[PDB]
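Student: I am sharing upload08.csv, which consists of CSV, C-alpha atoms:
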```
chain,number,residue,atom,x,y,z
A,1,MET,CA,50.6,-10.4,32.1
A,2,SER,CA,49.4,-7.5,34.3
A,3,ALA,CA,45.9,-6.5,35.2
A,4,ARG,CA,44.3,-4.1,32.6
A,5,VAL,CA,41.8,-1.4,33.4
A,6,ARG,CA,39.8,0.0,30.5
A,7,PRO,CA,36.6,2.1,30.1
A,8,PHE,CA,33.4,0.1,29.2
A,9,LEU,CA,30.2,1.3,27.6
A,10,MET,CA,27.0,-0.7,28.2
A,11,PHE,CA,24.4,0.1,25.5
A,12,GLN,CA,20.8,-0.9,26.2
A,13,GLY,CA,19.0,-2.5,23.3
A,14,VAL,CA,21.0,-2.8,20.0
A,15,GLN,CA,23.4,0.1,19.6
A,16,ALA,CA,27.0,-0.9,20.2
A,17,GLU,CA,27.9,-1.6,16.6
A,18,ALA,CA,26.3,1.6,15.4
A,19,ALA,CA,28.1,3.5,18.1
A,20,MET,CA,31.5,1.9,17.2
A,21,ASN,CA,31.0,2.6,13.5
A,22,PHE,CA,30.0,6.2,14.4
A,23,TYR,CA,33.1,6.7,16.6
A,24,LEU,CA,35.4,5.2,14.0
A,25,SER,CA,33.9,7.7,11.5
A,26,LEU,CA,35.1,10.5,13.8
A,27,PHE,CA,38.8,9.5,14.2
A,28,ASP,CA,40.8,7.9,11.2
A,29,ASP,CA,43.2,6.2,13.5
A,30,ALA,CA,40.6,3.8,15.0
A,31,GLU,CA,39.4,0.3,14.6
A,32,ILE,CA,37.4,-2.5,16.0
A,33,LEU,CA,39.8,-4.9,17.8
A,34,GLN,CA,37.5,-7.6,18.9
A,35,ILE,CA,33.8,-8.4,18.2
A,36,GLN,CA,31.6,-11.3,19.3
A,37,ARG,CA,27.9,-11.4,18.3
A,38,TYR,CA,24.9,-13.2,19.7
A,39,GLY,CA,23.7,-16.0,17.6
A,40,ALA,CA,20.1,-17.3,17.1
A,41,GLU,CA,20.0,-18.8,20.6
A,42,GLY,CA,19.9,-15.5,22.4
A,43,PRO,CA,19.5,-14.1,24.9
A,44,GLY,CA,20.3,-10.9,22.9
A,45,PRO,CA,19.1,-10.4,19.4
A,46,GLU,CA,21.0,-12.3,16.7
A,47,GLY,CA,23.8,-10.2,15.4
A,48,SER,CA,23.8,-7.8,18.4
A,49,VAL,CA,27.1,-7.3,20.3
A,50,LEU,CA,27.8,-9.8,23.0
A,51,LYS,CA,31.2,-8.2,23.6
A,52,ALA,CA,33.5,-5.9,21.6
A,53,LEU,CA,36.6,-3.9,22.0
A,54,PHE,CA,37.5,-0.9,19.8
A,55,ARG,CA,40.2,1.8,19.9
A,56,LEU,CA,40.3,5.5,19.2
A,57,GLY,CA,43.9,6.2,18.7
A,58,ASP,CA,45.8,4.6,21.6
A,59,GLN,CA,42.7,4.3,23.8
A,60,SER,CA,40.8,0.9,23.8
A,61,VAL,CA,37.2,0.7,25.0
A,62,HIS,CA,35.0,-2.2,25.7
A,63,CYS,CA,31.3,-2.3,24.9
A,64,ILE,CA,28.2,-4.5,24.8
A,65,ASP,CA,24.6,-4.5,23.9
A,66,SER,CA,22.4,-5.4,26.8
A,67,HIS,CA,18.9,-6.8,26.0
A,68,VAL,CA,18.1,-5.9,29.7
A,69,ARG,CA,17.1,-2.3,30.1
A,70,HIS,CA,17.6,-0.3,33.3
A,71,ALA,CA,16.3,3.0,34.7
A,72,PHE,CA,19.7,4.6,34.4
A,73,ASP,CA,21.6,5.8,31.4
A,74,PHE,CA,24.9,7.5,30.6
A,75,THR,CA,25.5,10.6,32.5
A,76,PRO,CA,28.0,13.4,32.5
A,77,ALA,CA,29.7,12.0,35.6
A,78,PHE,CA,31.8,9.6,33.5
A,79,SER,CA,32.8,10.9,30.1
A,80,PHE,CA,35.4,10.8,27.4
A,81,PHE,CA,37.8,13.8,27.2
A,82,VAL,CA,39.4,14.6,23.9
A,83,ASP,CA,42.5,16.7,23.5
A,84,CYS,CA,41.8,18.2,20.1
A,85,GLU,CA,44.7,19.2,17.7
A,86,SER,CA,43.0,22.0,15.8
A,87,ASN,CA,40.0,24.3,15.6
A,88,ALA,CA,38.8,22.5,12.5
A,89,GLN,CA,38.9,19.2,14.4
A,90,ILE,CA,37.0,20.5,17.4
A,91,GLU,CA,34.3,22.2,15.2
A,92,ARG,CA,33.8,18.9,13.2
A,93,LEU,CA,33.7,16.8,16.3
A,94,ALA,CA,31.3,19.1,18.2
A,95,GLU,CA,29.0,19.2,15.2
A,96,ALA,CA,29.1,15.4,14.7
A,97,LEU,CA,28.7,14.5,18.4
A,98,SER,CA,25.8,16.9,19.0
A,99,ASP,CA,23.9,15.7,15.9
A,100,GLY,CA,21.0,13.8,17.4
A,101,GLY,CA,22.4,14.5,20.8
A,102,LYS,CA,22.7,17.6,23.1
A,103,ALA,CA,25.2,20.4,23.5
A,104,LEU,CA,25.4,20.5,27.3
A,105,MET,CA,28.1,23.2,27.0
A,106,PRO,CA,28.0,24.5,23.4
A,107,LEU,CA,31.4,25.0,21.7
A,108,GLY,CA,33.0,28.2,22.8
A,109,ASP,CA,35.7,29.8,24.9
A,110,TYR,CA,35.1,29.1,28.6
A,111,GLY,CA,38.3,30.8,29.7
A,112,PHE,CA,40.5,27.8,30.5
A,113,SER,CA,41.5,26.9,27.0
A,114,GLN,CA,41.0,28.2,23.4
A,115,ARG,CA,37.8,26.1,22.8
A,116,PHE,CA,35.8,23.6,24.8
A,117,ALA,CA,32.5,21.8,24.3
A,118,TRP,CA,30.5,19.3,26.3
A,119,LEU,CA,28.3,17.1,24.2
A,120,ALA,CA,26.0,14.2,24.9
A,121,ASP,CA,26.0,12.1,21.7
A,122,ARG,CA,23.1,10.4,20.0
A,123,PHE,CA,23.7,7.3,22.2
A,124,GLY,CA,23.8,9.5,25.3
A,125,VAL,CA,27.5,9.3,26.0
A,126,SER,CA,29.3,12.4,27.2
A,127,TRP,CA,32.2,13.8,25.2
A,128,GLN,CA,34.3,16.7,26.4
A,129,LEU,CA,36.3,18.4,23.6
A,130,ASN,CA,39.2,20.6,24.5
A,131,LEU,CA,41.5,22.7,22.3
A,132,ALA,CA,44.4,23.9,24.4
A,133,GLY,CA,46.4,27.1,23.8
B,1,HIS,CA,39.9,12.9,10.7
B,2,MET,CA,43.0,13.8,12.8
B,3,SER,CA,44.8,12.2,15.8
B,4,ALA,CA,43.5,13.3,19.2
B,5,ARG,CA,44.1,11.9,22.6
B,6,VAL,CA,40.9,10.3,24.0
B,7,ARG,CA,40.8,9.4,27.7
B,8,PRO,CA,38.1,8.6,30.3
B,9,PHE,CA,37.2,11.4,32.7
B,10,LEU,CA,35.6,11.3,36.2
B,11,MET,CA,33.8,14.3,37.4
B,12,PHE,CA,33.3,14.2,41.2
B,13,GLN,CA,30.8,16.5,42.8
B,14,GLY,CA,32.0,18.4,45.8
B,15,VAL,CA,35.5,17.4,47.1
B,16,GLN,CA,36.3,13.7,46.4
B,17,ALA,CA,38.8,13.5,43.6
B,18,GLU,CA,42.0,13.3,45.6
B,19,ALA,CA,40.5,10.8,48.0
B,20,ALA,CA,39.3,8.7,45.1
B,21,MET,CA,42.7,8.8,43.3
B,22,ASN,CA,44.5,7.9,46.6
B,23,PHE,CA,42.0,5.0,47.0
B,24,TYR,CA,42.4,3.7,43.4
B,25,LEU,CA,46.2,4.0,43.7
B,26,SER,CA,46.0,1.7,46.8
B,27,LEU,CA,44.3,-1.0,44.7
B,28,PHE,CA,46.9,-1.3,41.9
B,29,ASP,CA,50.7,-1.6,42.1
B,30,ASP,CA,51.5,0.1,38.8
B,31,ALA,CA,49.6,3.3,39.5
B,32,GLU,CA,50.5,6.9,40.1
B,33,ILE,CA,49.2,10.4,40.0
B,34,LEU,CA,50.7,11.9,36.8
B,35,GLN,CA,49.5,15.6,37.1
B,36,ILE,CA,47.6,17.4,39.9
B,37,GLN,CA,46.6,21.0,40.2
B,38,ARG,CA,44.6,22.1,43.2
B,39,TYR,CA,42.7,25.3,43.6
B,40,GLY,CA,44.4,28.1,45.5
B,41,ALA,CA,42.3,30.9,47.1
B,42,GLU,CA,41.2,32.2,43.7
B,43,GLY,CA,38.2,29.9,43.1
B,44,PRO,CA,35.9,29.0,41.7
B,45,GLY,CA,36.3,25.7,43.6
B,46,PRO,CA,37.3,25.4,47.2
B,47,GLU,CA,41.0,25.9,48.0
B,48,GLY,CA,42.8,22.5,48.1
B,49,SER,CA,40.2,20.7,45.9
B,50,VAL,CA,41.2,19.3,42.5
B,51,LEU,CA,41.1,21.8,39.7
B,52,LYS,CA,42.4,19.2,37.2
B,53,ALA,CA,44.3,15.9,37.7
B,54,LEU,CA,45.5,12.9,35.6
B,55,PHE,CA,46.3,9.5,37.2
B,56,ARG,CA,47.1,6.1,35.7
B,57,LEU,CA,46.2,2.6,36.6
B,58,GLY,CA,48.6,0.5,34.7
B,59,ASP,CA,48.8,1.7,31.2
B,60,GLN,CA,45.4,3.5,31.5
B,61,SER,CA,45.4,7.2,32.3
B,62,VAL,CA,42.3,8.8,33.7
B,63,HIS,CA,41.3,12.5,34.1
B,64,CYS,CA,39.4,13.8,37.1
B,65,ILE,CA,38.1,17.0,38.7
B,66,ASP,CA,36.3,18.2,41.7
B,67,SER,CA,33.2,20.0,40.5
B,68,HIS,CA,31.9,22.8,42.8
B,69,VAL,CA,28.8,22.8,40.7
B,70,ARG,CA,26.3,20.2,41.8
B,71,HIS,CA,23.9,18.3,39.5
B,72,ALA,CA,21.1,15.8,39.9
B,73,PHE,CA,22.9,13.0,38.1
B,74,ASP,CA,25.6,10.7,39.4
B,75,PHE,CA,27.8,7.9,38.2
B,76,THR,CA,25.8,5.0,36.8
B,77,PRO,CA,26.6,1.5,35.6
B,78,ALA,CA,26.3,2.6,31.9
B,79,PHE,CA,29.9,3.8,31.8
B,80,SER,CA,32.3,1.8,34.0
B,81,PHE,CA,35.8,0.5,34.4
B,82,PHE,CA,36.4,-3.0,33.4
B,83,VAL,CA,39.4,-4.8,35.0
B,84,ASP,CA,41.0,-7.9,33.5
B,85,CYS,CA,42.2,-9.5,36.8
B,86,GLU,CA,45.3,-11.7,36.9
B,87,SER,CA,44.3,-14.2,39.6
B,88,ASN,CA,41.7,-15.3,42.2
B,89,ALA,CA,43.8,-13.6,44.9
B,90,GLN,CA,43.6,-10.3,43.0
B,91,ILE,CA,39.9,-10.4,42.2
B,92,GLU,CA,39.0,-11.3,45.8
B,93,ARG,CA,41.1,-8.4,47.1
B,94,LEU,CA,39.7,-5.9,44.7
B,95,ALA,CA,36.1,-7.0,45.2
B,96,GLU,CA,36.5,-6.6,48.9
B,97,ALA,CA,38.1,-3.2,48.7
B,98,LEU,CA,35.8,-1.8,46.1
B,99,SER,CA,32.6,-3.0,47.8
B,100,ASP,CA,33.7,-1.5,51.2
B,101,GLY,CA,31.4,1.4,51.7
B,102,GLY,CA,30.1,0.6,48.2
B,103,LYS,CA,27.5,-1.8,46.7
B,104,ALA,CA,27.9,-5.2,45.3
B,105,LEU,CA,25.6,-4.9,42.3
B,106,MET,CA,26.7,-8.4,41.1
B,107,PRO,CA,28.6,-10.0,44.0
B,108,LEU,CA,31.7,-12.0,43.2
B,109,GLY,CA,30.9,-15.3,41.6
B,110,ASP,CA,31.0,-17.5,38.6
B,111,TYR,CA,28.4,-16.1,36.2
B,112,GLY,CA,29.2,-18.7,33.6
B,113,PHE,CA,31.2,-16.6,31.0
B,114,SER,CA,34.5,-16.5,33.0
B,115,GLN,CA,36.1,-18.0,36.0
B,116,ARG,CA,35.0,-15.2,38.3
B,117,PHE,CA,33.1,-11.8,37.8
B,118,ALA,CA,31.9,-9.0,40.0
B,119,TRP,CA,30.2,-5.7,39.5
B,120,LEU,CA,30.8,-3.2,42.3
B,121,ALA,CA,29.9,0.4,42.8
B,122,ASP,CA,32.6,1.9,44.9
B,123,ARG,CA,32.2,4.3,47.8
B,124,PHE,CA,32.3,7.2,45.3
B,125,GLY,CA,29.6,5.7,43.2
B,126,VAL,CA,31.8,4.6,40.3
B,127,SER,CA,31.1,1.2,38.7
B,128,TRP,CA,33.8,-1.4,38.5
B,129,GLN,CA,33.6,-4.7,36.7
B,130,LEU,CA,36.1,-7.3,37.7
B,131,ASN,CA,36.7,-10.3,35.5
B,132,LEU,CA,39.0,-13.3,35.8
B,133,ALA,CA,39.1,-15.0,32.4
B,134,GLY,CA,38.1,-17.3,30.9
```
Please re-express this file's structure in structure tokens.
Tutor:
Amino acid sequence: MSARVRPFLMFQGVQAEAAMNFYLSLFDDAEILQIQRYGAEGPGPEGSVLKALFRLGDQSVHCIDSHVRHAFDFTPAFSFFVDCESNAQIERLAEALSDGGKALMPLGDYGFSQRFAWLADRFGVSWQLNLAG
Amino acid sequence: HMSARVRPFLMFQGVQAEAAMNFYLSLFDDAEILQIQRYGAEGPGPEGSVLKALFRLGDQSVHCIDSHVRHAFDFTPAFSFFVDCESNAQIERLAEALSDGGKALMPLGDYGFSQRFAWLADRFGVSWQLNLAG
């Protein structure tokens, strides 16, 4: 079959399962497609994510836990962009995503759509939420 | 918790998005620009830069823009593309192309978890992981 390109999130420390469970709690049509955990032999902590794949709707996403830390983190340069279906949905998502995170652009009307927000979530990942007219 | 379309999004600083799309499209056969809107003379970005675009690499669509607003941050390895490569021929070609004017953070090799793997930062700074299973 043909080469596949997908986004990939590298969490530092032990966060990937928490993040997947959090993202699954935001979108009902979502699930974990693949999960492999470290055992007792390391190098990551036992039970942490060696490699996983989850989907949010029709979008699959890879992730890992990395026991190796680096100076960099997630930044707004590479983000998820969500085409929201309703005002209630964008309000719920903006509130959930900014909880323990940061509202880089707080929810409001920035002139190019009905509503938009730019959040960095509690794991540091950037989420753009857009509600089109 | 309703349906919503979730897609990756690349924010280039300055004027790079169309060059980046054209570059990525040259790497994959099943790839096209789906939507592109360039600034006219109205601003706020420079005329001819990308206001909004959507491209796809295989079955994966990706948003991008040119941002006339500059920031201190850049792309980092925390959020990357991961490519399940088909063959040795393909991974070698892609590694060469992506590392040209870029950085081989993990040069192409057998790192023990698959046949071949590389981690490149391309000439735009974007991280690409290339894997040839197993």
Student: Using only C-alpha atoms and a distance of at most 6 Å, pull out the residues of chain A that contact chain B, as a VMD selection string.
Tutor: chain A and resid 3 to 10 27 to 28 73 to 74 77 to 84
Student: For atom CA of residue 68 of chain B and atom CA of residue 16 of chain B, determine how far apart the two atoms are, in Å to one decimal place.
Tutor: 10.7 Å
Student: Select, from A:37, A:85, A:108, A:12, the residue with the minimum atom-to-atom distance to residue 71 of chain A, counting only C-alpha atoms.
Tutor: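 Under the stated criterion, the closest residue is A:12.
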Student: By how many Å are atom CA of residue 121 of chain B and atom CA of residue 44 of chain B apart?
Tutor: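 These two atoms are separated by 29.2 Å.
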Student: Quick one, how far is atom CA of residue 15 of chain A from atom CA of residue 69 of chain A?
Tutor: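 Computing it gives 12.5 Å between the two atoms.
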